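Read the single chain below, which is given as structure tokens and is the form deposited in one PDB entry.
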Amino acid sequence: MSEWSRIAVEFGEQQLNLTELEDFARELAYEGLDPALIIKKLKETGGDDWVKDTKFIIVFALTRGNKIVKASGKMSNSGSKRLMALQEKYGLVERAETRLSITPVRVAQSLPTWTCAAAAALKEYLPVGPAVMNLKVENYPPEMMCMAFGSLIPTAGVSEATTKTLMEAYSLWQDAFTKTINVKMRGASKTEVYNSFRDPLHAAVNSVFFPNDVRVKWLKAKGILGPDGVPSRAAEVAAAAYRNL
């Protein structure tokens, strides 16, 4: 029949350019953030002040999240003043809407080794910390209690089983966190909340921005990986705890 049908049929008769297809898919794949863009942004706008500012912003992200106004009305006076000051200074937003967009949580994810260290030190101040986690498992790794830990899970220099175990241990926290903050998820299967965070996690782990060798070294320094390159008992127990539901 139509000319248009012949075109569709012929279109499906073309050879696939595999390399170019893979390139397109990678170009279009889920990306949580562009860390390099964010760091460039911070360093260029804040000057030498950018480190201090960034640390404070990260403390805010860790303890209160992205809701700048709503919290700011809800803290100490100096804290509020400074939070708003940083807000105007850096063009902070409460919601991640664009590739250029800078949220506090994105800042925290942009500097994961610092953020996770700070989170461990400020465990008692976390929205989902030891209070929630010790109930599920004994001695959950404090470095794991934040959105940035995904960036520190290595895909190289370790076995695939190690990577998997770490991802499950972290998945315990991701699940509990998602449930504790989302309206949507009060009663939901392990699998849907898992689906609510699968893309950011796989993207975070597979990202090439933060070097794997540094990840491995850092995990070893915190005792989350042994000197042998396999997960600590806390990691294994947490992983088992996530698998069991």
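Heads up, when I say rigid core I mean the largest set of C-alphas that superpose within 1.5 Å between the two forms. In this text, residue numbers run from 1 along the sequence as written.
* Higher-B stretch (mean Cα B-factor, as the entry records it), 136-144 or 106-114 -> For C-alpha atoms only, the mean B-factor is higher in 136-144.
* **Per the entry, higher mean C-alpha B factor between 22-30 and 172-180** => Mean B over CA atoms: larger for 172-180.
* Asked: Say you rank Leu152, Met167, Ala120, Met84 by Cα B-factor from the PDB entry; which sits at the top?
  -> Answer for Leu152, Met167, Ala120, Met84: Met84, with the highest C-alpha B-factor.
* Compared with the other modelled residues in the chain, in which third is the CA B-factor of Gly226? -> Middle third.
* **Chain-wide C-alpha B factor ranking for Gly157, given as lowest, middle or highest third** => Its C-alpha B-factor, which the entry lists for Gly157, ranks in the middle third among residues of this chain.
* Could you say whether, by C-alpha temperature factor, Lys217 belongs to the lowest, middle or highest third of its chain? => Middle third of the chain for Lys217's C-alpha B-factor.
* Chain-wide C-alpha B factor ranking for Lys52, given as lowest, middle or highest third -> For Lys52, whose C-alpha B-factor we compare with every modelled residue in the chain, the answer is the lowest third.
* Ranked C-alpha temperature factor of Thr98 among modelled chain residues, by third -> Middle third.
The same protein also exists as the form deposited in another entry; that form is not shown, yet it is the one meant from here on.
* Asked: Relative to the superposed core, which single residue of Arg26, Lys70, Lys40, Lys52 shows a CA shift of 2 Å or more between the shown form and the other one?
  -> Single hit from the list, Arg26.
* Look at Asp228 and decide if its Cα position differs by 2 Å or more between the shown form and the other one after superposing on the rigid core. => No, its C-alpha moves less than 2 Å.
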